[PDB]
Amino acid sequence: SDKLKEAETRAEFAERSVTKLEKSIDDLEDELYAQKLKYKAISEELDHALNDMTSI
Amino acid sequence: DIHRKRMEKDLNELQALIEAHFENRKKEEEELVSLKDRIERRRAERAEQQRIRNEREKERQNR
């Protein structure tokens, strides 16, 4: 019974670590996706300005 | 007369151009400082997670 309690404690520790890392990954994931959205926006717009060079 | 009035307002917008620049520049500087502090935040987080994984390993052999 004592060994079962120790193993259960360690398993619960690991599982809480799992959940916390998953939440951190979620936050990072959202930030990276928004970053790339605005990156592609600014890149397209620099290209549009270059198109302006073509129109000139 | 309406056309001359139109000409002056464009001039207003023209100088306003720089005013449009200001908010973008403050947002750029905010991104600047956030990334710069994120530098050390990432480094400290890496050290912390290395320590945490060390504790994980010791608890692993302890069982």
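Residues numbered from 1 in each chain as written, not as in the entry; some residues may be left out. Chains lettered and ligands numbered in written order. Part of a larger assembly, values for the part shown. Heavy atoms only, no water.

Structure determination for this PDB entry is given in the record as cryo-EM, at a resolution of 6.6 Å.

Chemist: Could you clarify how one ought to interpret a negative patch on the surface in this entry?
Modeler: All names here are of chain A. On the surface, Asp26, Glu29, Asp30 and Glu31 cluster together to form a negatively charged patch. By secondary structure assignment, the location of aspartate 26 is in helix α1 (residues 2-55). With relative accessibility at 35%, the residue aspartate 26 sits in the partly exposed group. (Patch = residues over 30% accessible without salt bridge, like charges linked within 9 Å, V, L, I, M, F, W, Y side chains within 5 Å. Areas by Shrake-Rupley, 256 points an atom, 1.4 Å probe, with all protein chains shown as cover. Salt bridge = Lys/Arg side-chain N within 4 Å of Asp/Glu carboxyl O. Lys, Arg positive; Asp, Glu negative; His and termini not counted. Charge placed at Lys NZ, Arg CZ, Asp CG, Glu CD. Helix = DSSP H or I, 4+ residues; strand = E, 2+ residues; numbered from the N terminus. Buried < 20%, exposed > 50% of the residue type's maximum accessible area, 1.4 Å probe, protein only.)

Chemist: When you look at the interface of chain B and chain A in this model, what are you seeing that I'm missing?
Modeler: Accessible area lost on assembly of the parts is the figure often given for the size of an interface. Each partner contributes to the interface: chain B provides seven residues, whereas chain A provides six residues. Summed over both sides, the interface between chain B and chain A buries roughly 520 Å², with carbon and sulfur atoms accounting for 46% of that surface. Of all residues in chain B, B:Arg56, B:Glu59 and B:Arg63 give up the largest surface area on contact with chain A, accounting jointly for 62% of the area buried on that side. Summed over the shared surface of chain B and chain A, the number is one salt bridge. (Contact = heavy atoms within 4.5 Å. Buried area = accessible area lost by both parts, 1.4 Å probe.)

Chemist: Any chance you could explain the environment of B:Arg46 here in plain terms?
Modeler: Residues and elements named next belong to chain B. As for its placement among the helices and strands, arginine 46 is situated in helix α1 (residues 2-62). Of the residues examined, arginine 46 reaches a relative accessible area of 57% and is grouped as exposed. Between the C-alpha atoms of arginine 46 and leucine 35, which are eleven residues apart in sequence, the distance is 16 Å.

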